[PDB]
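The chain below stands alone and is given as structure tokens, in the form deposited in one PDB entry.
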């Protein structure tokens, strides 16, 4: 079980909106996590006796920038870790975490980015989610925009979150329009788009890289929540999503026995496999997280309380809850992150504080 071993506060005193452990850190090396808040990204190293060692920050040139999200990947030739960050400016930055240098940046239409996720099987494929109602898939090896997920049947308002399934064959996105949309990326069209993005070398051709515009999702539902869906994650062939109604719903498209890969775009049914209720987390912009093995689920609330569900149960509705409190932790917990071995849980707050819980 978890015990709070340390806490700290960042100098800017602004909320921390994101935290991510590097699950790509090498064997023997200490555990490293990134935090995002104000116009800054900061790296910390976890040590024994609850020590958190401050490393280095990337500070944006624009004092008005607000970083909302960050994601770890690695260089496809050298295996060296890389960090992607984005926020209110709508600029994706790829940072070398060693020197904290921005090595490259991407701009779509330049509208705020709410979330970044790297493909689970391809370190080069970066998904961004935006306030401009679209999702974008980038190939950071060839610096190309592979596809835009939006359009005529896409999200009708700001996209807040998205997630890849286990194999990275499909994406589930959600947002302010109350819907959850499924986008299949193993279609012939998307497989060909990805292949072509790898074959693109502008020094070797005349054609622009031709990005796909995907106007139609493979499934859509507004039957789960009755407000903004601000967080989504796959749990195998199941979905975990939350709104600001003090609940994470575990559901699936179609009827109970319907296979996710036989689901058609016209599908009108959803099946609810359970709901995890909690308290005082009815404000927008609160993220839940799972550990690497998806044995645990974590979410913080508006008043500094942490909830942890044990998912190692036969059916989702049988999950066992544990609550984590500390008399000095009273600010809203915006995001949590587990280390790869799930031995450490970091929570980040509205008052720029960082809390370390060791298993």
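Positions refer to the first chain, counted from 1.
This protein has a second form, the form solved in complex with a partner chain, left out of what is shown; the following refers to that one.
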>> Even though the partner isn't displayed, in the deposited bound form is residue 311 close enough to its partner chain, meaning a heavy atom within 4.5 Å?
In response: yes
> Does residue 166 reach its partner chain in the deposited bound form if we count a contact as any heavy atom within 4.5 Å?
Replying inline: yes
>> Contact with its partner chain in the deposited bound form for residue 233, defined as at least one heavy atom pair within 4.5 Å: yes or no?
In response: no
> For residue 299, is any heavy atom within 4.5 Å of its partner chain in the deposited bound form, or not?
Replying inline: no
